[PDB]
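Now for the letters of each chain:
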Amino acid sequence: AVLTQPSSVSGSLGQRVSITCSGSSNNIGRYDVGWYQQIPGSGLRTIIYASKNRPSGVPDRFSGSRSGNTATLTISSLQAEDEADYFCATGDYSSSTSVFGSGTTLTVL
Amino acid sequence: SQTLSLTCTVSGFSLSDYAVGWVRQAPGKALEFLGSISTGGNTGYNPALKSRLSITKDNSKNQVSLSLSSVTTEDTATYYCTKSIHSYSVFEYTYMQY
Amino acid sequence: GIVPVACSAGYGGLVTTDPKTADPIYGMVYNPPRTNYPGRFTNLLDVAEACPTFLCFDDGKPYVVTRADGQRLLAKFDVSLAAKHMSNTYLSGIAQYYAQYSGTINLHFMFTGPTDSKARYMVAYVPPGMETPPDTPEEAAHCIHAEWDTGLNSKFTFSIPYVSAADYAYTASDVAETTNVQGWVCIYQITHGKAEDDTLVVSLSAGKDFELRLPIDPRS
Amino acid sequence: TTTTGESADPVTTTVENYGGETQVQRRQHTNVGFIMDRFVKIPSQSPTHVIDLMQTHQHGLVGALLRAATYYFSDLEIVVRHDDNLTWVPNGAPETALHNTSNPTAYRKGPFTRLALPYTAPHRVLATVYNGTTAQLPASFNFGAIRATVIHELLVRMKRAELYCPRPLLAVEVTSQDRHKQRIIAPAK
Amino acid sequence: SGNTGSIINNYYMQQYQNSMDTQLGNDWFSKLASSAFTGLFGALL
Amino acid sequence: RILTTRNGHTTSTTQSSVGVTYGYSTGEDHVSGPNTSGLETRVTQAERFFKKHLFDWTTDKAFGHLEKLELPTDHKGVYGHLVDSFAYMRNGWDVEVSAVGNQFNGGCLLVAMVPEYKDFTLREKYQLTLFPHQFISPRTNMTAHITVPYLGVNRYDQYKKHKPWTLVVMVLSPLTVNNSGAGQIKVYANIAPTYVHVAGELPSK
């Protein structure tokens, strides 16, 4: 819970909704982050590993930008099914244990 | 005093080619990195939960094992296995990202 | 001392096309003589290169009548020789039996109409990068095209060029493809004075660079 | 030697660098024609089997050396043991062309018949991998299609092959030992 | 050439026997292995 | 050893470049062939350097982080308008890629213009060197300059469907950032199309 990330963010179908990760030069400044997606009845899934990369099977929508001291997970056009809790994964030099984001749980509105 | 050990049979992604690590989702949305083991056998543990677990991998059986010290009110969690790219992890906390 | 030949194994049976001759059976026969007999053609493509044969169109007619409604896209048709509009011309009649082709495919347009109604037509080869040929004569003016008038001199022949990634193109079209292996070709009637249903008679012909290859026998 | 190295300039040093001498090399065996001339068994298909490379098993010699180069060119010599007349077609023939039998064929002659079928594909040189559909290779990289009522085996030998643009080769996996340690053939006892 | 080692004219003509080749009016890796910087780079004793 | 590159009107001069490395050829093969029957028309307003971002090479990326780029990637200027409004084209691609290192943080990047990119099983990465490549190591050279000629099954080919070259960049030694070296080094590769031609003009809407 070292990373603070938006505790909640609201979205709607059609427009681009991104999610910052609030970090610092300790962990997000020099180390790359990860973005995981978790549904209410399902476990984790990896959306953006290595921050800017996208693994096999993820729709072209999701884009990962680490530009700046706050990583941003940028979705092209939110969809009614992509409504899930997103997590932040990054490595901090100060503490051996890695920091994990509390969550962002989207909405469709 | 309920020492537990659990394994997940790896389906493809050979351990020499890709190194696996365990990670648990603590009661609630909380997440915590339990350790990782590089393809060659060298491991990197969570220094906080350190000395309480053992992660041993076998290339023949195509499985991986995790032997935690014991269970408490906090130890209960949804456990999961990972297949990281970059089979050897440069840093222990570094793997959490991939 | 018999010569040990050591006959080989695996090959020796006949091949349907196998350059070989057979053992003759009847003596010398001096077939009846014909010298400079008229009309000997030696290359099938030599025939198609000379004779311009017509195309097919709506209702099965070779002439592309001026459209009835607002239109100036007379007919469009693909270039692949197994094409509907090109189904009856001799060039497709032969190309059916070949696996690939190359080179240009000349066209013949010859205005057949009264001498009192001039008209100015265009032909435009739209290479295959877009999903549909443009229904506007100007909007398709960009691609390589010719635009010709119809006066005392009547027959204009626009030589479809050959541009394709592969050095040879297939003649039969894949069922998996929905576009054509080659671009389309459009005949736009940009202007007609005296709109009185005057017809064009359009024909196909093989160009100097045309060459087919790899003959096969498809059940036609 | 201590060459700059970072440029990835091709540097080769010899044993001469310490009072050695380099003996003469005869590399008439590692040649790419002489190593592609041999037969290699392609998996057989009972009905309308299509003859083309990239169907051989990856670890066989010709299969691997083939996947070792992106763009390969070669004419084929084929050896099929079929049970009825066997008909071949060029590279762009409709699948219904196989029944005409006026196109090239070969009747049952005792054992396996050996053909030579030249390189017919229209592409300038084939490929062992194709980035972007136009993973499956496009429909145009086959040589022909050979159709017999039942095909038992197909052997394929590439003549006058020439390769281009080398690729990785991936020798066998090893596990926590000094060397692979495979039982090499030994005399009787 | 390749593997063909019978010292005799191929009975079938060449155009029928193989696929005849054409050109348009080399050996990069051999040139690369040849132009190689060999020997030591500095002084010697 | 200043190298002063140039293409069209844009230049690039790196005082640390170690040397140009031609891959697979020193020059491109003939251009006017049976395809297009001589309708090709060399275009020379597209020979330009255009930047393209790449992965931020970080202290922790372990051996074998292949960040590929496929070429031609989405260019929005003259080359983009050109590949939009022309059916067939061809190019050689004198790529150039930079990593500004502080010269105190060790690391060895390997850039390589691999043709016809297929996926790597991570065993192929051990000997990925076969393809034309340059080593980028902050130690001696912050810049690699590769030039490769267009090679594909065809003379020309729609860049929308068959993108032959893909600049891949493997990371052989993790960036070790010492007391004074940079924490995070980004890699910006400038790719310039060379000897570009076109054909098959397409009716634009």
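Residues numbered from 1 in each chain as written, not as in the entry; some residues may be left out. Chains lettered and ligands numbered in written order. Heavy atoms only, no water.

Structure determination for this entry is recorded as cryo-EM, at 3.91 Å resolution.

A.B. asks: It is not clear to me how the overall build of chain E should be interpreted in this structure. Could you clarify?
C.D. replies: A count of helices and strands for chain E gives 2 helices and 0 strands. Considered along the principal axes of its C-alpha atoms, chain E spans approximately 65 × 30 × 10 Å. A buried classification covers 7% of the 45 residues belonging to chain E. In the structure as shown, chain E presents an accessible area of about 4300 Å², 56% of it carried by carbon and sulfur atoms. (Helix = DSSP H or I, 4+ residues; strand = E, 2+ residues; numbered from the N terminus. Buried < 20%, exposed > 50% of the residue type's maximum accessible area, 1.4 Å probe, protein only. Areas by Shrake-Rupley, 256 points an atom, 1.4 Å probe, with all protein chains shown as cover.)

A.B. asks: Sorry if this is basic, but what is going on with the overall build of chain B here?
C.D. replies: What chain B contains, in helices and strands, is 1 helix and 7 strands. Going from N to C terminus, chain B has its helices and strands arranged as β-β-β-β-β-β-β-α. Summarising its shape, the C-alpha atoms of chain B cover approximately 35 × 25 × 25 Å along the three principal directions. Accessible surface, chain B as shown: approximately 4600 Å² in total, 50% of it carbon and sulfur. A gap of 3 Å separates the mean positions of the 7 positive and 6 negative side-chain charges of chain B. (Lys, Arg positive; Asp, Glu negative; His and termini not counted. Charge placed at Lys NZ, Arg CZ, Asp CG, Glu CD.)

A.B. asks: Before we go on, may I ask you to explain the packing of aromatic side chains in this structure?
C.D. replies: Each aromatic ring pair is characterised by the separation of its centres together with the angle its planes make. All told, the structure shown has 23 aromatic pairs over all chains when counted by the stated rule. The interplanar angle of 15 degrees and the centroid separation of 5.5 Å between the aromatic rings of B:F33 and B:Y95 together place this pair among those described as stacked. With B:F33 in strand β3 (residues 32-37) and B:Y95 in helix α1 (residues 92-97), this pair connects stretches of sequence that are 62 residues apart. Ring geometry for F:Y24 and F:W165: centres 6.0 Å apart, planes at 25 degrees, overall stacked. Separated by 141 residues along the polypeptide, F:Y24 in the loop between β3 (20-22) and β4 (53-58) and F:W165 in strand β10 (residues 165-173) bring together distant segments of the chain. (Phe/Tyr/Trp six-rings, centres within 6.5 Å; stacked < 30°, edge-to-face > 60°.)

A.B. asks: Explain the side chain of D:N142 here, please?
C.D. replies: Residue and element names in this part refer to chain D. With respect to the helices and strands, the residue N142 is situated in the loop between β5 (113-117) and β6 (145-147). Separated by 3.4 Å, the side chain of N142 and the backbone oxygen of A139 make a polar contact. Residues within four places of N142 in sequence aside, it is in contact with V50, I51, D52, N91 and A121. (Polar contact = N/O pair within 3.5 Å; in protein donor to acceptor, adjacent residues only side chain to side chain. Contact = heavy atoms within 4.5 Å.)

A.B. asks: Help me understand the sheet that holds strand β7 (residues 108-115) of chain F in this model?
C.D. replies: Adjacent strands of a sheet form backbone hydrogen bonds with each other and so pair up, either parallel or antiparallel. Residue and element names in this part refer to chain F. Spatial ordering of the open sheet is given by β5-β10-β7-β8, a layout of 4 strands whose pairing is antiparallel. With one partner strand each, in any of the chains shown, β5 (67-68) and β8 (133-136) form the two edges of the open sheet. In terms of strand pairing, β7 meets β8 through 4 bridges, oriented antiparallel. Looking at the pairing, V111 lines up with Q134 of β8. (Pairing = 2+ DSSP bridges.)

A.B. asks: Help me understand the pairing of strand β6 (residues 86-99) of chain F, please; the structure alone is not making it clear to me.
C.D. replies: For a regular strand, the rule is simple: side chains alternate between the two faces of the sheet. All names here are of chain F. Taken across its 14 residues, β6 has 14 buried, putting it largely inside the fold. Here 12 bridges tie β6 to strand β11 (residues 184-201), and the two strands are oriented antiparallel to one another. Each bridged residue has a counterpart across the sheet, and for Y88 the counterpart in β11 is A199. As defined by bridge partners, β6 adjoins strand β9 (residues 143-148) across 6 bridges and the pair is classed as antiparallel. Opposite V97, over in β9, you have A144 as the bridge partner.

A.B. asks: What is the right way to look at unusual backbone geometry in this model?
C.D. replies: With the exception of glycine, most residues fall at negative phi, and the peptide bonds are largely trans. Here the bond from F:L71 into F:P72 is cis, since omega is 0 degrees, no more than 30 degrees from zero. Structurally, F:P72 is set in the loop between β5 and α1 (78-84). Positive phi, normally seen in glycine, also occurs at B:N62, with a value near 60 degrees. Along the chain, the position of B:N62 falls in the loop between β5 (55-58) and β6 (63-67). Of the residues examined, B:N62 reaches a relative accessible area of 26% and is grouped as partly exposed.

A.B. asks: Which parts of the structure should I look at to understand the interface of chain D and chain C?
C.D. replies: How big an interface is tends to be reported as the loss of accessible area on association of its parts. Listed by partner, the interface residues are 23 residues for chain D and 22 residues for chain C. Note on chain D versus chain C: buried area summed over both sides is about 2100 Å², and carbon and sulfur give 60% of it. Across the chain D-chain C interface, the total number found is 0 salt bridges. Counting across the chain D and chain C interface gives 11 residue pairs in polar contact. Contributing elements (two or more residues each) for the side of chain D that touches chain C: β4 (105-106) and β5 of chain D. Across the side of chain D that touches chain C, the residue classes break down as 10 nonpolar, 11 polar and 2 charged. (Buried area = accessible area lost by both parts, 1.4 Å probe. Salt bridge = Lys/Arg side-chain N within 4 Å of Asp/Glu carboxyl O. Nonpolar A, V, L, I, M, F, W, Y, C, P; charged D, E, K, R; others polar.)

A.B. asks: Teacher, can you tell me more about the interface of chain F and chain D here?
C.D. replies: The interface is formed by 31 residues belonging to chain F together with 27 residues belonging to chain D. Buried area between chain F and chain D, both sides added, is near 2500 Å², and the carbon and sulfur share of it is 55%. Put simply, chain F and chain D have 1 salt bridge between them. The shortest N-O distance in the salt bridge between D:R124 and F:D29 comes to 3.0 Å. Joining chain F to chain D, the criterion identifies 13 residue pairs in polar contact. Only β7 and β8 of chain F provide two or more residues apiece to the side of chain F that touches chain D. The element best represented in the side of chain F that touches chain D is β8(F), accounting for 3 residues.

A.B. asks: I would appreciate a short explanation of the sheet that holds β6(B) in the present structure.
C.D. replies: Residues and elements named next belong to chain B. Pairing within the open sheet is antiparallel, and its 3 strands lie in the order β1-β6-β5. Edge positions in the sheet fall to β1 (5-7) and β5, since each of these pairs with one other strand and no more. Strand-to-strand twist of the sheet, defined as the mean angle between neighbouring strand axes without regard to direction, takes the value 20 degrees. Where β1 and β6 come together, 3 bridges link them in antiparallel fashion. Along β6, the bridge assignment pairs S5 with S67. (Axes fitted to C-alpha atoms, helices over the stretch in contact; angles between N-to-C directions.)

A.B. asks: How should a nonpolar patch on the surface be read in this particular structure?
C.D. replies: Residue and element names in this part refer to chain C. A cluster of nonpolar side chains, namely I25, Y26 and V29, defines an oily patch on the protein surface of about 470 Å² accessible area. As for its position among the elements, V29 is in the segment before α1 (44-50). Here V29 falls in the exposed class, since its relative accessible area comes to 65%. (Patch = residues over 30% accessible without salt bridge, like charges linked within 9 Å, V, L, I, M, F, W, Y side chains within 5 Å.)

A.B. asks: Would you take a moment to explain the arrangement of the chains for this structure?
C.D. replies: Inter-chain contacts occur across 10 pairs of chains; the most extensive set of contacts lies between chains D and F. Separated in space, chain A and chain E share no contact, their closest pair of C-alpha atoms being 35 Å apart. There is a clear gap between chain B and chain E: no contact, and 31 Å between their nearest C-alpha atoms.

A.B. asks: Mind showing me how you'd approach the side chain of D:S140 here?
C.D. replies: Within the secondary structure, D:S140 is located in the loop between β5 and β6. For D:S140, a relative accessible area of 11% gives the class buried. At 2.9 Å, the side chain of D:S140 forms a polar contact with the side chain of C:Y170. Residues contacting D:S140, with those up to four places away along its chain left out, are C:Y170, D:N91, D:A121, D:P122 and D:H123.

A.B. asks: Would you mind showing me how to read the pairing of strand β1 (residues 17-20) of chain A here?
C.D. replies: All names here are of chain A. Where burial is concerned, the two faces of β1 differ: the one with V17 and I19 is buried and the one with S18 and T20 is not. Relative to strand β5 (residues 72-75), β1 runs antiparallel, the two sharing 4 bridges. Note on β5: the bridge partner recorded for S18 is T74.

A.B. asks: Help me out: how do you make sense of the pattern of salt bridges in this one?
C.D. replies: Between side chains of opposite charge, a pair can form when the charged atoms approach closely. The final tally for this structure, using the stated rule, is 20 salt bridges over all chains. With a closest N to O distance of 2.4 Å, A:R66 and F:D56 form a salt bridge. With A:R66 in the loop between β4 (63-65) and β5 and F:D56 in strand β4, this pair bridges two chains. Comparing A:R66 with F:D56 shows no difference in burial state: the two are buried. Look at the salt bridges and you will find they share partners, linking B:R24, B:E32, B:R52, B:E74 and B:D75 into a network.

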